[PDB]
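Inside the fold
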Amino acid sequence: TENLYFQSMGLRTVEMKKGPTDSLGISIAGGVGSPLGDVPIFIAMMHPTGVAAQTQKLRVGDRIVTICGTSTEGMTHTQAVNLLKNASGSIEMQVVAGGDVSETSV
Amino acid sequence: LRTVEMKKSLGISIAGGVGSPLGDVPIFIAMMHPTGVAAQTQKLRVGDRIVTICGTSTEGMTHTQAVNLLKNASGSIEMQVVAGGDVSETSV
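Shown numbers run from 1 along every chain as its sequence is written, which may differ from how the entry numbers residues; residues without coordinates are omitted from display. Chain labels run from A onward and ligand labels from 1 onward, assigned in the order the entries are written. Side-chain measures here rest on the full set of heavy atoms in the structure, leaving out hydrogens and waters. Residues with missing side-chain atoms are left out of burial classes, side-chain pairs and their counts.

Labelled according to the PDB entry, chain B appears under the name MULTIPLE PDZ DOMAIN PROTEIN, originating from Homo sapiens.

In the nomenclature of the PDB entry, chain A corresponds to MULTIPLE PDZ DOMAIN PROTEIN from the organism Homo sapiens.

A separate point is the overall build of chain B. A run of H or I in DSSP counts as a helix once it spans at least four residues, and a run of E counts as a strand once it spans at least two, with each numbered from the N terminus. When its secondary structure is counted, chain B shows two helices and seven strands. Secondary structure elements in chain B, listed N-terminal to C-terminal, are β-β-β-α-β-β-α-β-β. Note that the radius of gyration is over C-alpha atoms, with the globule rule given as 2.2 Å times the number of residues to the power 0.38. At 12 Å, chain B has a C-alpha radius of gyration in line with the 12 Å of a compact globule built from 92 residues. Projected onto the principal axes, the alpha-carbon positions of chain B cover approximately 30 × 30 × 20 Å.

Here helix α2 (residues 63–72) of chain B has its buried residues at B:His63, B:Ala66, B:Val67 and B:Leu70. Taken around the axis of α2(B), the buried residues stretch over an arc of 95 degrees, which confines them to a single face. Counted as exposed and oriented over 90 degrees from the buried face of α2(B): B:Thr64 and B:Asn72. Its buried side turned inward, α2(B) meets β7 (104–105) of chain A together with β2 (12–20), β3 (23–32), β4 (48–53) and β6 (76–83) of chain B. Burial here depends on accessible area, computed with a 1.4 Å probe over protein chains only, as a share of the maximum for the residue type. Under 20% is buried, over 50% is exposed, and the range in between is partly exposed. Directions pointing from the helix axis toward each C-beta atom define the arc. The contact criterion used throughout is that any non-hydrogen atoms of two residues lie within 4.5 Å.

Pairing between side chains becomes possible if they bear opposite charge and their charged atoms approach one another. Just to be clear on terms, a salt bridge is a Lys or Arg side-chain nitrogen sitting within 4 Å of an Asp or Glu carboxyl oxygen. A full pass over the atoms with the stated rule returns four salt bridges over all chains. The partner of A:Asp62 in a salt bridge is A:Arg12, with the nearest N and O atoms 2.7 Å apart. You can see A:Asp62 sitting in the loop between α2 (51–55) and β4 (63–67) and its partner A:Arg12 sitting in strand β1 (residues 12–17), a full 50 residues away along the chain. Classification of A:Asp62 by relative accessible area gives buried; the value is 3%. Of the charged contacts, one joins B:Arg2 and B:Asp48 as a salt bridge, the two residues approaching to 3.1 Å between their closest N and O atoms.

Facing 27 residues of chain A, the contacting portion of chain B comprises 27 residues. Together chain A and chain B conceal approximately 2,300 Å² of surface at their shared face, both sides included; 65% is due to carbon and sulfur atoms. Taken together, chain A and chain B are joined by zero salt bridges. Side-chain atoms alone can form a polar contact between residues adjacent in sequence; in general such a contact is a pair of N or O atoms within 3.5 Å, and within protein one must be able to donate a hydrogen while the other accepts it. Seen at the junction of chain A and chain B, the total is ten residue pairs in polar contact. Of all the elements in the fold, those that place two or more residues in the side of chain A that touches chain B are β2 (26–34), β3 (37–46), α3 (77–86) and β7 of chain A. For the side of chain A that touches chain B, a count of residues per class yields 16 nonpolar, eight polar and three charged. The quantity reported as buried area is the accessible area (1.4 Å probe) lost by two parts once they are put together, taken as the sum for both. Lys, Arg, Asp and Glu make up the charged group, whereas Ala, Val, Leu, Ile, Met, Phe, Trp, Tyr, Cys and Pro make up the nonpolar group; the residues left over, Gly among them, are polar.

Here we take up the environment of B:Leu70. Inspection of the secondary structure assignment puts B:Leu70 in helix α2. Distance in space between the C-alpha atoms of B:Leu70 and B:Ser9 is 8.8 Å, their sequence separation being 61 residues.

The next thing to look at is unusual backbone geometry. Phi at A:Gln56 takes a positive value of approximately 60 degrees, unusual for a residue other than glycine. Structurally, the position occupied by A:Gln56 is in the loop between α2 and β4. One non-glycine residue, B:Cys54, lies in positive phi territory at about 45 degrees. If you trace the backbone, B:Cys54 turns up in the loop between β4 and β5 (56–57).

This paragraph deals with the nonpolar core. Ranked by size, the top nonpolar core spans 30 residues in total, and within it A:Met16, A:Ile26, A:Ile28, A:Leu58, A:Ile64 and A:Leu84 carry the most contacts. Counting residues per element, the ones that place at least two in this core are β1, β2, β3, β4, α3 and β6 (90–96) of chain A together with β3 of chain B. Residue contributions to this core peak at six residues, all from β3(A). What we call a nonpolar core is a set of buried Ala, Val, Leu, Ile, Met, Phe, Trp, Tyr and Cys residues that are connected through their side-chain atoms within 4.5 Å. B:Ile27, B:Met32, B:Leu44 and B:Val67 belong to the second-largest nonpolar core, a separate cluster that totals 22 residues.

What follows is the structure, encoded as structure tokens:
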């Protein structure tokens, strides 16, 4: 009754437990200092078998706005990876539509 | 560098290409259906960059040019790919 309001604005909030594989099954790109330059952090790819796909609220090309309650504003690529790698229990992510990458089924 | 032979939907989503919103970036497999044709081959992986499709280089292809080629094609579809290797993205 609060996620629903933000989704209408539309920021999407997702809760994820990591697998028995200790993985979210997503690849993130961007961030300050990333191999792409200082660009926002987004989801580049999603593993077929993995946890994030089962959310069905996470999409390739979503920008990551917050991770485990922390804004990604000014966050480096390496910090975002460290945060998600070390996180455990329920992992909160909030995202918005980006077109940093758009994907098409074929 | 791997060569794959698909018989044909391919059950993959592709991203990148020339004039993509990042800039001109190689086309890659962004997602896959684990039960689809690409997955059934066991030589394609999310994160592969597509070097050639149907015997032609992907280099200078727009995202639109790549998608229309793969949707339009049928029979034997060749692809050659190289692993992204977590160079411009990181698995988590």
